[PDB]
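**Student:** Have a look at the structure that comes next, please.
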Amino acid sequence: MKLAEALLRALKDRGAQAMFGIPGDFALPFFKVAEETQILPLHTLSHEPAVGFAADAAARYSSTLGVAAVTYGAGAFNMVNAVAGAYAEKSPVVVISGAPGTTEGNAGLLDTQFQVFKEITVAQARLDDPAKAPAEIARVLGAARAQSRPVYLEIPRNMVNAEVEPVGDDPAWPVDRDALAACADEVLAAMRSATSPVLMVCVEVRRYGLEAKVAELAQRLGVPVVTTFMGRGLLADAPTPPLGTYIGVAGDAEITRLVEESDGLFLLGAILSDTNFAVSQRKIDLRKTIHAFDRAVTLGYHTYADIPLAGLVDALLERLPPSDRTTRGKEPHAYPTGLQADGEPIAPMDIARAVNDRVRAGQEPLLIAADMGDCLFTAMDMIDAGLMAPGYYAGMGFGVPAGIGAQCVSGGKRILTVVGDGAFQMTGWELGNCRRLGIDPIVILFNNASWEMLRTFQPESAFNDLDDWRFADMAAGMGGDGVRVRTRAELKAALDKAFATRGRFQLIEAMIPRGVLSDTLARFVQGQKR
Amino acid sequence: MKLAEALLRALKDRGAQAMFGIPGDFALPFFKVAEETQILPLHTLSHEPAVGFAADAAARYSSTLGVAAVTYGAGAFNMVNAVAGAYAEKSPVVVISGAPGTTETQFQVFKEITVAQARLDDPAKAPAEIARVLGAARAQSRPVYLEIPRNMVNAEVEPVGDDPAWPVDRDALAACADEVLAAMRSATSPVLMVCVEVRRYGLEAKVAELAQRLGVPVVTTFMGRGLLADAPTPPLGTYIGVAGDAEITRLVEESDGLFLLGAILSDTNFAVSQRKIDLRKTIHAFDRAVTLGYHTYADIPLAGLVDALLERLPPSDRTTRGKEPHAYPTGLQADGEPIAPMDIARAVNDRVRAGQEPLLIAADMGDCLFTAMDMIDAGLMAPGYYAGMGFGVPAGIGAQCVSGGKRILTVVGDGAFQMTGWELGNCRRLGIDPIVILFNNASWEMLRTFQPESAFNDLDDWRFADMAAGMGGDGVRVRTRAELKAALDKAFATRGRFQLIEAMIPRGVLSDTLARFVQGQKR
Amino acid sequence: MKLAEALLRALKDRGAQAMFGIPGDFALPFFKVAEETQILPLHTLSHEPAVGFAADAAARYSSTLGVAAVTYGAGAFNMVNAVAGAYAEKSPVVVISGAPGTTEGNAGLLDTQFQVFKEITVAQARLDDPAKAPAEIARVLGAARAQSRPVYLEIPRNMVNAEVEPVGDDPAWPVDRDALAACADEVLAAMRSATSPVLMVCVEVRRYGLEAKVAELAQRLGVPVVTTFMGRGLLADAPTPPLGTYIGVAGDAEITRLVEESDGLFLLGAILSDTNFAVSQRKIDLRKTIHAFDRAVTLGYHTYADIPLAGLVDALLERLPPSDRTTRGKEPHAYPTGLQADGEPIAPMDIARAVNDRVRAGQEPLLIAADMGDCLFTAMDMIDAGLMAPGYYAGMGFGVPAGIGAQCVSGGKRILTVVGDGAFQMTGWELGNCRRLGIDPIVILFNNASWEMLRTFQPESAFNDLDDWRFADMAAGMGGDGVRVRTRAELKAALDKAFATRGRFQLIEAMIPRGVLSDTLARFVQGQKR
Amino acid sequence: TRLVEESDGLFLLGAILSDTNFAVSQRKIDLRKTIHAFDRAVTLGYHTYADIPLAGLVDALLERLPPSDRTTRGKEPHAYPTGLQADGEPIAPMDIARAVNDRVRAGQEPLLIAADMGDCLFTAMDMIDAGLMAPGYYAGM
Ligand SMILES: Cc1ncc(Cc2csc(CCOP(=O)(O)OP(=O)(O)O)c2C)c(N)n1
Ligand SMILES: Cc1ncc(Cc2csc(CCOP(=O)(O)OP(=O)(O)O)c2C)c(N)n1
Ligand SMILES: Cc1ncc(Cc2csc(CCOP(=O)(O)OP(=O)(O)O)c2C)c(N)n1
Ligand SMILES: [Mg+2]
Ligand SMILES: [Mg+2]
Ligand SMILES: [Mg+2]
């Protein structure tokens, strides 16, 4: 078996679904075996940033390994940022970068590309030894899985075709029987002894597909359940569904206190930081806080190493007597609906109504891909079937690329994208690849003519005023159907159309005025004053 | 006086002509000063890469300092690429990243693509640090990194000093010069190659004087292209390896006393490769050093080395200007035939011969660059070594900003334009009207010429011309050579809006230069 | 200030006392600045192994940084083993290896030397940037101190003289106020709740010179105190002196049980392994065991990170009410004495008697340097003033070299060395450097004509039979006074002489017969049968 | 040394490249015109054939070259120092070489020589031997 093949098969053997990428000198031989073998569908994008962003999503979507293939040099570096956000958000993107042969020895910078990716991945390896390649691949791949984060793989070209033995399974990671038990023991003990124990569900839960067993726990535990942002959605159809989502300040002040004022706050697979919605360590009692994350548990200031979340859970159940309990009790949830189909100018919230109404009228929910900006804060109030945005990273550019990658693996489902003018100027052009990719995602451009999120924080500043890019009129070039709307009528009307029109990506240019924000973005700002 | 203010001033004194950037939370406080103090012009773009390329171009244009202002995280990262290629081609792009408050890793990455960094978290030190970093950027001509905590943009600081002098081993300088000169005189067929550093440190005059006194054959590199063309001893052409003229390539590579003055060594297409020359008999002066076979003199800035040699060579009136080191393709037959690269070159060269003034040209990667190589220009900016796409458009933009009125020409392939091409939407607010000739062959042709069998090099039809409108510019698509000639003419007559010329080119049609390149890889 | 100088001064500023080493092509320029500056005394040895072994001891002796200077290539690699044992035993040896200039670019193996030392040190760095050198040095040096283990420093020759700014202080390491407190709390709580809490004193205690405060703790704690091997000696003149030393099986079965059967076994700065005397994790209740080591505390299966032993102690006192208590109570200790000055053949134990008697007669105790083999197990029963041997490492070769390095910094004191024939054949020749070094250590060769320690475990094997190297007769060549003894008379007599004769190293070749072992080595073997 | 280094078609058959004293340095030759066959490979200017064990390469070339009787044995590629003047002068390396070489010339059979690092090696180089083992590249004592 050829080396490059042995790899792709491996990726496949692990639930891979595609391989996004852009070729270059050194990467052609590998794209060749990628194409000729036909192992993994080869989708190619216009700019490397979208390459990584799509891989990110194709990974988050199916909760499996994403695949970003780039060429040596500018190709890799031009994608660094996409991998960073993927890393930042436990999105296991397997990066592959063709490198010079092992007999061409000289670089161009005073390795380097390696040290940069060494910086944003969990494991890396230069496949320069056909003998060691197999296990090495198994290792690194085994890492992105164990840790759910990006990995780096360099393949010198004169090695893309070296015969190698097939790639086996992931190397078995460390797990101590006793250690674990002791951990659960202390964890459960800590919970039982708490006043207001609050169990939070986050990202690691959706990555290791553990929702299945955590629902069986949320029940046998008996404590209140809340989700973080990355956790939003989880346990929706579970016996003891979350009582809401935590996004901090801009959120339901009711949920807030419950979390920030607990003494049994069990952060399951949760992320920790001061990234907007993330659970800031500054806003909680570090004393009584069990923090399960990255195969480790830390509460009481001490830590339990090599403790896979799966195991922690599995052993927590072994100590919790089964329960037939259930806290559902009617009441769904109230989203902003009712659009004034009049000719009054659009506002972020109006759009929400727009989509929501369509849905309540009977429309199946489309998963949403949102870029960073006022489009994100507006997407929170929309009924979905999975949301997908850079909340804990704020990496503009995501939006469109992400939605694309999504619909590329959706196996039919359609993807909805929301993005502002400022971000569309960055990656909104990746739609030109929608024809070749055979997908028709619906996009809602939030053209407010400025970097509005930045203006709210420094309105005296002019530089945040942008030009009026006639996007709707540009959608024809990339082969789509564009439509700029000024009023709520042209808005509701256009959307309906979009769902009817398939085969071509639908781009609805929403004309919004500066100042006009979203309810959720409103609350967020008001909350930074006091 | 604020800190930001002090940096901006410190920046302007060293040549700064503008500031390209894109804000974010941490950047905001910094940008407020920027915008207000108006020390430097604050030009915003759309995507970080552009900002990086633009800033890079700006610097090169005025052989001065460039300035890219980003925000912490996604912002800074999404711009690493431009800074790298900058580092590669010795362009001092001063990177300014806003960052977290000091009371409230990117740093570890940048250290890998800048010859100097610093985090100004102490106002008492800020003044000197700024003066140290920029210093290097100037001394080594490479990108530097400055990371500012938003809670220090206003902190008062002693004015920024002057650059801190660098080690100049006066004795080695004199000893090298002797070895160097002797090494030359004593060689069968010695040759002088003028490269990148000669431009960056504005040493054209000197090297022009030396070129004559040293009395040896002259040649430029790819980045050395266009230097000493008005000197008594002009280059015999430009060496770019197998690609170009085989008489110059043979001379360069066969020399037994090669003097790479401020050049770059690298197996990287046009860069003077170590596998092509006889390094044993090479005198490579670079990064303030000089090598030559089991010997490297350190601390010898190029500039002083010239002076050294000049002090060791008697004056001369030896002038040897002949005819055309390189025949520029002309005579565009405006018939109905489809279009081809070399035709674009003629179309372009003819206007010039017709009397038009040669513009400076900015090129992205792809055949557009090889094509630009057969065009008459007044400067040529392109990633000839780094070879990274995207540079084209934003670089032409960036150039024209500080080109005080002069118009810039930009050649970009379809593949590349899809990455940065849209930055043209800023032309309007930016007060620019650059001309763009987009090579739409509907494919990543440069690669197809390496794997014509693969089908992924097949791109769809992007009606770029139809999109020019939406960016406040005029964009026309042409298929024949007749249409090509007419449209190019209109562009030049139309100023006020950027002009986009989407020239449709068949897959398989390559520039002459590129043709030669591929054929040389078959051998 | 020159780079190489800036460094040596740094070492000095940190308590350095010398710089052992062997030069080579690439290392000459650095030895030149080492010599010319005269900052640190430059002692040179015959073979690299002794270079590292002496540095090891010069470090352990004064409990400070040792200094091993070698040349690139064979020089470094030929010393790898010495550094390993130093690392293995928390001996902060600062290794310095001159490297090719930054403009000579090509190696000879398919970096490498760097990766090998990366493997046996705690921090490393290639000083190739005069600007960054200072802080870098401070860093690495700061590491060997914080972690008390070997560090690697590579100095390209064209950099030995680059002007640099002086080297500042060590970079401040992480320390969490809360975390710490929480740790002590749980630690003390764990202790108080124990039945037979046993506090052990080990290596880290002597390295960070903490004995001063630990004695103040051993008192305020109130629990039994025992020392490990590396810990042997500590708290001797303390209010609550150790009740004995723990060396496992071969030790006082009385001490053994107390340790292996505790539920409050506080291993202070202790090492953990199955290395002869070390506290094997296989022989203790991991459940109730506080393990303070490498700036971390682990008990109850969880761990407290970035917890410097100093701090742990300092905060433990803050929670223990001062005490005037004391458990001294006469009884010193009984060592094997009384030598039968008859003409009966020598046995390991006889020699012990020999030295001991001399001491009780009034001789000040000499610190001892013992190699691995039956000489070590015999040295345990000798009255000393500090013992120094590879107990937790078993790296033969140590002996002599070590003793030499010692007396090189002893500031006058004399050093005693014990070593078997088999090890003397490895490094016993380093005595030839005793004249130039101006020291006269007394050495006791245990020539049993074989690798006796190995023979006891496989007596049916012949290969353990060695030849009769006439060492005593070889001592003249290296410029010493050699004397082979066959009987206990020639033994007692020779020793007395040796203490009288100064200026020349004294080598007493003790003729012992195969089979004849040491009491302590006896007990050890008998203990491997059952 | 001049011939080797000036060659415009150098064929290092199973050699080692390295700037390491006696090892054939890359800075001394014209690598562009070098054919270095090593570690089961063959290089030559922007080209490296992999998987070509030396042995087979020879055979290859032999299959491409007609037989020959071209013999060119001359005299002493290297004059071995002899004639040890056994006077009372102190001793010197080259003398040891003569002492050694003379016994051989006197008829004694050349032995194989093993040398450590130091001048002893350079000295062994002027001695008549039946094999010479020494660390000429690694240079470790
Ligand atoms: C890669 C990168 N570069 C810059 C920034 C900085 C930023 C954070 S928010 C924002 C404004 C976004 O404008 P948009 O039209 O998309 O939506 P809206 O604000 O409602 O007008 C910027 C520029 C980030 N986060 N990432
Ligand atoms: C950031 C980056 N990613 C990939 C590549 C690799 C590449 C080198 S050449 C080429 C094809 C360019 O197509 P284009 O339309 O621009 O011009 P042409 O080939 O003549 O049709 C690619 C993808 C580079 N150099 N930089
Ligand atoms: C560097 C190294 N190489 C080999 C060995 C293996 C060994 C462990 S014990 C022993 C015998 C030592 O004989 P010695 O004369 O010194 O004393 P004695 O046993 O009483 O006769 C050997 C060879 C070790 N530990 N280290
Ligand atoms: Mg907007
Ligand atoms: Mg193209
Ligand atoms: Mg022995």
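Just so we're on the same page: first chain in the structure tokens is A, next is B, and so on; residues restart at 1 for each chain, and ligands are numbered from 1 in the order they show up.
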For ligand 2, return the neighbouring residues as a PyMOL selection string (distance at most 7 Å; only C-alpha atoms and all ligand atoms).

**Tutor:** (chain A and resi 22-25+48+71+74-75+78) or (chain B and resi 365-368+387-390+412-417+439-447)

**Student:** Keeping C-alpha atoms for every residue in the selection just given, could you write it to a file as a PDB file, in the first residue's frame?

**Tutor:**
```pdb
ATOM      1  CA  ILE A  22      -5.622  23.599  -2.153  1.00  0.00           C
ATOM      2  CA  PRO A  23      -2.615  22.082  -3.935  1.00  0.00           C
ATOM      3  CA  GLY A  24       0.827  23.430  -4.696  1.00  0.00           C
ATOM      4  CA  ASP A  25       4.172  22.241  -6.071  1.00  0.00           C
ATOM      5  CA  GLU A  48      -6.711  28.433   2.324  1.00  0.00           C
ATOM      6  CA  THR A  71       0.873  22.802   0.128  1.00  0.00           C
ATOM      7  CA  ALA A  74       2.306  30.150   1.977  1.00  0.00           C
ATOM      8  CA  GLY A  75      -0.384  27.505   1.696  1.00  0.00           C
ATOM      9  CA  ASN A  78      -2.200  31.133   4.996  1.00  0.00           C
TER      10      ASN A  78
ATOM     11  CA  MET B 365       1.774  34.215  -8.438  1.00  0.00           C
ATOM     12  CA  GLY B 366       0.913  32.223 -11.506  1.00  0.00           C
ATOM     13  CA  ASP B 367       1.743  32.759 -15.162  1.00  0.00           C
ATOM     14  CA  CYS B 368       0.873  36.423 -14.724  1.00  0.00           C
ATOM     15  CA  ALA B 387       5.814  32.242  -4.365  1.00  0.00           C
ATOM     16  CA  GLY B 388       2.656  32.749  -2.349  1.00  0.00           C
ATOM     17  CA  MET B 389      -0.629  33.768  -3.934  1.00  0.00           C
ATOM     18  CA  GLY B 390      -2.692  36.813  -3.025  1.00  0.00           C
ATOM     19  CA  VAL B 412      -3.390  38.554 -11.394  1.00  0.00           C
ATOM     20  CA  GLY B 413      -4.513  35.062 -12.370  1.00  0.00           C
ATOM     21  CA  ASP B 414      -8.077  33.920 -11.811  1.00  0.00           C
ATOM     22  CA  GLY B 415      -6.945  31.505  -9.141  1.00  0.00           C
ATOM     23  CA  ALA B 416      -5.266  34.299  -7.181  1.00  0.00           C
ATOM     24  CA  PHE B 417      -7.904  36.966  -7.661  1.00  0.00           C
ATOM     25  CA  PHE B 439      -5.736  36.205 -16.462  1.00  0.00           C
ATOM     26  CA  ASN B 440      -8.839  34.008 -16.470  1.00  0.00           C
ATOM     27  CA  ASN B 441      -7.809  30.639 -17.859  1.00  0.00           C
ATOM     28  CA  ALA B 442     -10.346  29.025 -15.531  1.00  0.00           C
ATOM     29  CA  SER B 443      -7.725  26.892 -13.829  1.00  0.00           C
ATOM     30  CA  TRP B 444      -4.630  26.740 -11.672  1.00  0.00           C
ATOM     31  CA  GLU B 445      -2.595  26.550 -14.872  1.00  0.00           C
ATOM     32  CA  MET B 446       0.842  26.909 -13.232  1.00  0.00           C
ATOM     33  CA  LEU B 447       0.158  23.602 -11.488  1.00  0.00           C
TER      34      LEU B 447
END
```

**Student:** Can you work out which residues are within 7 Å of ligand 1, considering only C-alpha atoms and all ligand atoms, and then hand them over as a ChimeraX atom specification?

**Tutor:** /A:372-375,394-397,419-424,446-454 /B:22-25,47-48,71,74-75,78

**Student:** Taking C-alpha atoms for each residue, export the selection above as a PDB file, in the first residue's frame.

**Tutor:**
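result29.pdb, written as the output of this step:
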```
ATOM      1  CA  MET A 372     -18.479  36.593  13.997  1.00  0.00           C
ATOM      2  CA  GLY A 373     -20.207  39.920  14.374  1.00  0.00           C
ATOM      3  CA  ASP A 374     -23.762  41.084  14.895  1.00  0.00           C
ATOM      4  CA  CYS A 375     -24.867  38.103  12.815  1.00  0.00           C
ATOM      5  CA  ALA A 394     -14.166  35.343  17.500  1.00  0.00           C
ATOM      6  CA  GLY A 395     -12.264  34.431  14.342  1.00  0.00           C
ATOM      7  CA  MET A 396     -13.990  36.430  11.622  1.00  0.00           C
ATOM      8  CA  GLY A 397     -14.132  34.687   8.254  1.00  0.00           C
ATOM      9  CA  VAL A 419     -22.794  36.919   7.959  1.00  0.00           C
ATOM     10  CA  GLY A 420     -22.113  40.629   8.065  1.00  0.00           C
ATOM     11  CA  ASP A 421     -20.707  42.753   5.259  1.00  0.00           C
ATOM     12  CA  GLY A 422     -17.300  43.086   6.890  1.00  0.00           C
ATOM     13  CA  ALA A 423     -16.764  39.346   7.159  1.00  0.00           C
ATOM     14  CA  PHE A 424     -18.290  38.609   3.779  1.00  0.00           C
ATOM     15  CA  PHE A 446     -26.038  41.644   7.222  1.00  0.00           C
ATOM     16  CA  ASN A 447     -24.768  44.671   5.309  1.00  0.00           C
ATOM     17  CA  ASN A 448     -24.811  47.513   7.844  1.00  0.00           C
ATOM     18  CA  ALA A 449     -22.077  49.297   5.887  1.00  0.00           C
ATOM     19  CA  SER A 450     -19.707  49.112   8.837  1.00  0.00           C
ATOM     20  CA  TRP A 451     -17.893  47.068  11.444  1.00  0.00           C
ATOM     21  CA  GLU A 452     -20.848  47.696  13.723  1.00  0.00           C
ATOM     22  CA  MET A 453     -19.750  45.467  16.612  1.00  0.00           C
ATOM     23  CA  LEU A 454     -16.564  47.529  16.830  1.00  0.00           C
TER      24      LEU A 454
ATOM     25  CA  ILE B  22      -7.935  46.174  10.617  1.00  0.00           C
ATOM     26  CA  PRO B  23      -9.280  46.747  14.181  1.00  0.00           C
ATOM     27  CA  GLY B  24     -10.722  44.575  16.909  1.00  0.00           C
ATOM     28  CA  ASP B  25     -11.432  44.970  20.622  1.00  0.00           C
ATOM     29  CA  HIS B  47      -9.090  40.816   5.103  1.00  0.00           C
ATOM     30  CA  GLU B  48      -5.842  40.701   7.117  1.00  0.00           C
ATOM     31  CA  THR B  71      -5.738  43.022  16.624  1.00  0.00           C
ATOM     32  CA  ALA B  74      -7.656  35.752  14.901  1.00  0.00           C
ATOM     33  CA  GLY B  75      -6.614  39.123  13.582  1.00  0.00           C
ATOM     34  CA  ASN B  78      -4.981  35.490   9.809  1.00  0.00           C
TER      35      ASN B  78
END
```

**Student:** Can you tell me, as number ranges by chain, what residues are no more than 7 Å from residue C:430 when counting only C-alpha atoms, ignoring any on the same chain fewer than 5 positions away?

**Tutor:** C: 45-46, 401

**Student:** Atom CA of residue C:528 and atom CA of residue C:381, how far apart in Å?

**Tutor:**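 Here the two named atoms are 20.8 Å from each other.
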
**Student:** Show me which bits of chain C are within 7 Å of chain A, counting only C-alpha atoms, as a PyMOL selection string.

**Tutor:** chain C and resi 179+182+301-304

**Student:** Could the residues in this selection be saved with N, CA, C and O atoms as an mmCIF file, in the first residue's frame?

**Tutor:**
```cif
data_model
loop_
_atom_site.group_PDB
_atom_site.id
_atom_site.type_symbol
_atom_site.label_atom_id
_atom_site.label_comp_id
_atom_site.auth_asym_id
_atom_site.auth_seq_id
_atom_site.Cartn_x
_atom_site.Cartn_y
_atom_site.Cartn_z
ATOM 1 N N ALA C 179 -4.027 27.640 45.873
ATOM 2 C CA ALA C 179 -3.639 26.271 45.573
ATOM 3 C C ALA C 179 -2.799 25.714 46.713
ATOM 4 O O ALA C 179 -3.173 24.713 47.331
ATOM 5 N N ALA C 182 -4.573 25.241 50.107
ATOM 6 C CA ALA C 182 -5.450 24.095 49.965
ATOM 7 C C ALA C 182 -4.650 22.814 50.123
ATOM 8 O O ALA C 182 -5.108 21.860 50.755
ATOM 9 N N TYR C 301 -4.243 10.143 45.266
ATOM 10 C CA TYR C 301 -4.333 9.966 43.822
ATOM 11 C C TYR C 301 -4.474 11.238 42.997
ATOM 12 O O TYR C 301 -4.507 11.170 41.770
ATOM 13 N N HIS C 302 -4.578 12.387 43.656
ATOM 14 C CA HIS C 302 -4.683 13.668 42.953
ATOM 15 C C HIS C 302 -3.396 14.452 43.182
ATOM 16 O O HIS C 302 -2.611 14.118 44.073
ATOM 17 N N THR C 303 -3.177 15.502 42.396
ATOM 18 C CA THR C 303 -1.946 16.268 42.540
ATOM 19 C C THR C 303 -2.038 17.783 42.605
ATOM 20 O O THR C 303 -2.900 18.393 41.976
ATOM 21 N N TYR C 304 -1.115 18.370 43.365
ATOM 22 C CA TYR C 304 -1.009 19.816 43.521
ATOM 23 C C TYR C 304 0.217 20.290 42.740
ATOM 24 O O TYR C 304 1.358 20.019 43.116
#
```
